[PDB]
Amino acid sequence: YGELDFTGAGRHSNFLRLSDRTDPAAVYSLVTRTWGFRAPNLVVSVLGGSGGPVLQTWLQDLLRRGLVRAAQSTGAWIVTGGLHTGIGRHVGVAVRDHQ
Amino acid sequence: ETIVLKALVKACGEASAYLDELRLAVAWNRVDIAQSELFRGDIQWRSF
């Protein structure tokens, strides 16, 4: 059922839907060439969800001014979930806090 | 100035025209309260 691709940017973020088997390269070229942010200088992919409530304060402070500090210093785009309930909530708290 | 703030939310906490703890810091025209209320303190601010 891997017919086609059917979305674009919106909301000013730039999303899309794709399949699993698609491409290593044509994703990242479509990050860097089309709607290019930059090439990174690192990437910190963050994994591990909570049980639902708020994380601890010092883990929150680890993301507040320990990780996103290292993002704005070094480019360094963070690869997370995107949902407002997983770890992407708490990373999304940190980005919204630090900016 | 936050303890004064602390007593009012316990007072409004579910009838008296919901004081919301951040709408109040706006009315006092004190910015440093309104940041730390929104940046910290169990950050669960909803829409309304």
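Residues numbered from 1 in each chain as written, not as in the entry; some residues may be left out. Chains lettered and ligands numbered in written order. Part of a larger assembly, values for the part shown. Heavy atoms only, no water. Residues with missing side-chain atoms left out of burial classes, pairs and counts.

(A) Highlighting the nonpolar core. All names here are of chain A. In terms of nonpolar packing, the biggest core is built from nine residues, these being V46, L63, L67, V68, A71, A76, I87, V91 and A94. At the level of elements, helix 2 (57-74) and helix 3 (87-98) are the ones that each hand at least two residues to this core. When residues of this core are assigned to their parent elements, the largest contribution, four residues, is made by helix 2. Aside from chain neighbours lying at most four places away, what touches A76 is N41, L42, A70 and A71. (Core = buried A, V, L, I, M, F, W, Y, C linked by side-chain atoms within 4.5 Å. Buried < 20%, exposed > 50% of the residue type's maximum accessible area, 1.4 Å probe, protein only. Helix = DSSP H or I, 4+ residues; strand = E, 2+ residues; numbered from the N terminus. Contact = heavy atoms within 4.5 Å.)

(B) Fine view of the side chain of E37 of chain B. Residues and elements named next belong to chain B. By the element assignment, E37 lies in helix 3 (residues 31-39). Despite its burial, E37 pairs with no opposite charge; the closest candidate is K6, at 9.3 Å N-O. The contacts of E37, once residues within four sequence positions are left out, are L5, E21, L22, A25 and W45. (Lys, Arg positive; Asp, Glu negative; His and termini not counted. Salt bridge = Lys/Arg side-chain N within 4 Å of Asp/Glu carboxyl O.)

(C) Up close: the interface of chain A and chain B. Between chain A and chain B, the contact holds five residues from the first and four residues from the second. A combined buried area of about 330 Å² lies between chain A and chain B, and 40% of that area is made up of carbon and sulfur atoms. Summed over the shared surface of chain A and chain B, the result is zero salt bridges. Our enumeration of links across chain A and chain B arrives at one residue pair in polar contact. Every element with two or more residues in the side of chain A that touches chain B is listed here: helix 2 and helix 3 of chain A. Of the residues assigned to the side of chain A that touches chain B, the class counts are one nonpolar, one polar and three charged. (Buried area = accessible area lost by both parts, 1.4 Å probe. Polar contact = N/O pair within 3.5 Å; in protein donor to acceptor, adjacent residues only side chain to side chain. Nonpolar A, V, L, I, M, F, W, Y, C, P; charged D, E, K, R; others polar.)

(D) Main features of helix 3 of chain A. All names here are of chain A. Under the 1.5 Å per step criterion, the end-to-end length of helix 3 is 17 Å for 12 residues, consistent within 8% with the ideal 16 Å. Among all positions in helix 3, only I87, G88, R89, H90, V91 and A94 are buried. Buried residues along helix 3 sit in contact with helix 2 and strand 2 (77-79). (Expected span 1.5 Å × (residues − 1).)

(E) View of unusual backbone geometry. All names here are of chain B. Although it is not a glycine, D20 adopts a positive phi angle of roughly 75°. Summarising the element assignment, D20 is placed in the loop between helix 1 (2-12) and helix 2 (23-27). Non-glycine residue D42 carries a positive phi angle of around 60°. Within the secondary structure, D42 is located in the segment after helix 3.

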